[PDB]
There are 2 protein chains.
Amino acid sequence: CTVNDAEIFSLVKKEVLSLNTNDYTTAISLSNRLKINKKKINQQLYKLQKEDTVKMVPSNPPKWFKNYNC
Amino acid sequence: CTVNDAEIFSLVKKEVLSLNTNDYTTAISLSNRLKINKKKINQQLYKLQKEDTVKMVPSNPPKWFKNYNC
DNA sequence: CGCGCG
DNA sequence: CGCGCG
């Protein structure tokens, strides 16, 4: 009856996988689309990087790329 | 019914003002010596630094010395 | 303001 | 793990 963070994780993963290898996005942009708090978006983005689905580039703010192996 | 920001500020300010000239303390130490969450301790420490009561030296964890004015 | 942090 | 961030 409850959808913890897993549904957020799934929404974010689906979004990043839709990116072109050459494109990138940010937490603020993602938060804006999925209408979710940037904090929630970040909690998933960093977890997703641990799974190698996305790659973060320490820009200001960080830019997120889909793993090019995809 | 709860010790608020302003009140924790006073508690932290007193501990820091009781340090000898060149000795420091850390947020976790104050957290332990007192019965307050580390986050709440740091919230006060950085404000105390803005007020020139304490001085922070980066390290892990950050060291907090009494400002020489005191 | 980069912050994800338990 | 540095985090204080409203």
Side-chain angles (χ1 to χ4, degrees), chain A residues 1 5-70, chain B residues 1-34 36-70:
Chain A
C1 306
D5 303 310
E7 191 270 349
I8 319 170
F9 177 85
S10 302
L11 293 170
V12 181
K13 181 171 174 180
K14 202 168 191 60
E15 290 297 296
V16 299
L17 286 178
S18 70
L19 298 166
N20 297 312
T21 295
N22 187 47
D23 192 37
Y24 63 81
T25 190
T26 66
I28 175 58
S29 178
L30 287 175
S31 164
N32 186 34
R33 300 191 202 301
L34 298 64
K35 295 292 176 295
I36 296 178
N37 293 174
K38 191 170 64 62
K39 175 176 181 177
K40 287 185 179 299
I41 293 296
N42 273 324
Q43 289 178 306
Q44 300 318 307
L45 281 173
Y46 286 96
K47 290 170 180 289
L48 193 61
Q49 178 172 52
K50 291 184 173 180
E51 301 184 1
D52 304 311
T53 302
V54 69
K55 164 65 189 180
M56 182 279 273
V57 166
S59 195
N60 283 288
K63 294 167 183 167
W64 299 81
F65 298 73
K66 173 179 61 177
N67 191 111
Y68 54 61
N69 293 316
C70 299
Chain B
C1 304
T2 47
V3 180
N4 65 42
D5 303 335
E7 276 130 39
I8 296 177
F9 180 84
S10 298
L11 298 176
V12 175
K13 185 172 188 169
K14 189 282 180 175
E15 296 302 296
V16 173
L17 285 180
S18 71
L19 296 165
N20 291 312
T21 295
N22 265 192
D23 35 44
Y24 65 83
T25 186
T26 61
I28 187 53
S29 175
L30 288 165
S31 188
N32 289 337
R33 177 156 52 275
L34 297 169
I36 306 181
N37 304 312
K38 194 171 69 55
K39 172 165 185 175
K40 290 179 177 180
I41 294 303
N42 271 327
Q43 281 173 304
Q44 309 319 306
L45 260 359
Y46 285 90
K47 288 184 176 182
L48 252 359
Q49 177 172 51
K50 292 184 173 182
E51 301 177 357
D52 301 322
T53 297
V54 305
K55 172 62 182 184
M56 185 272 265
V57 171
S59 57
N60 305 292
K63 299 181 180 60
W64 298 82
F65 303 77
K66 180 166 60 170
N67 185 299
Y68 282 141
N69 290 301
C70 309

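A, B, ... follow the sequence lines: proteins, then strands. Residue 1 opens every chain. Every heavy atom of this structure was used, including side-chain atoms; hydrogens, water molecules and symmetry mates were not.
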Can you give me every donor-acceptor pair (side chain of residues 5-14 of chain B, partner residue at least two apart or in another chain, under 3.5 Å) with its distance?
from    : atom 1 : to     : atom 2 : distance (Å)
B:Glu7  : OE1    : B:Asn4 : N      : 2.9
B:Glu7  : OE2    : B:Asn4 : ND2    : 3.1
B:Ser10 : OG     : B:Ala6 : O      : 3.4

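- Listed by residue number, there are no residues of residues 48-57 of chain B with a heavy-atom contact under 4.0 Å to DNA chain D.
- Residues in residues 27-64 of chain A take part in these ring pair (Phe, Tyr, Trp, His ring centres under 6.0 Å) pairs, two or more places apart or across chains: A:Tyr46-A:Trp64.
- A:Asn22 pairs by the side chain to side chain donor-acceptor pair (under 3.5 Å) definition with nothing, not counting sequence neighbours.
- Listed by chain and residue number, nothing satisfies the side chain to side chain donor-acceptor pair (under 3.5 Å) test with A:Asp23 (two or more places apart in sequence, or in another chain).
- Residue pairs satisfying the salt bridge (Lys or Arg N to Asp or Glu O under 4.0 Å) criterion with at least one member in residues 50-70 of chain A, sequence neighbours excluded, are absent.
- Under the ring pair (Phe, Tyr, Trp, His ring centres under 6.0 Å) criterion, A:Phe65 pairs with A:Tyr24, sequence neighbours left out.
- Summarising the geometry, atom NZ belonging to B:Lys40 is positioned 12.0 Å from atom CG belonging to B:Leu34; distances are rounded to the nearest 0.5 Å.
- A 4.0 Å heavy-atom criterion places the boundary nucleotides of DNA chain D facing chain B at D:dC1 to D:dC5, written 5' to 3'.
- B:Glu15 meets the salt bridge (charged side-chain N to carboxylate O under 4.0 Å, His left out) test with B:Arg33; sequence neighbours excluded.
- Of the residues in residues 61-70 of chain A, those placing a heavy atom less than 4.0 Å from an atom of DNA chain C are A:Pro61, A:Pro62, in numerical order.
- Judged as a side chain to side chain donor-acceptor pair (under 3.5 Å), and not counting sequence neighbours, A:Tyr68 has no contacts.
- Applying the side-chain contact (heavy atoms from CB on, under 4.5 Å) rule to B:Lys39 yields the partners B:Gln43; only residues at least two apart in sequence or on another chain are considered.
- Among the atoms of the strands shown, none is found under 4.0 Å from any heavy atom of A:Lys47.
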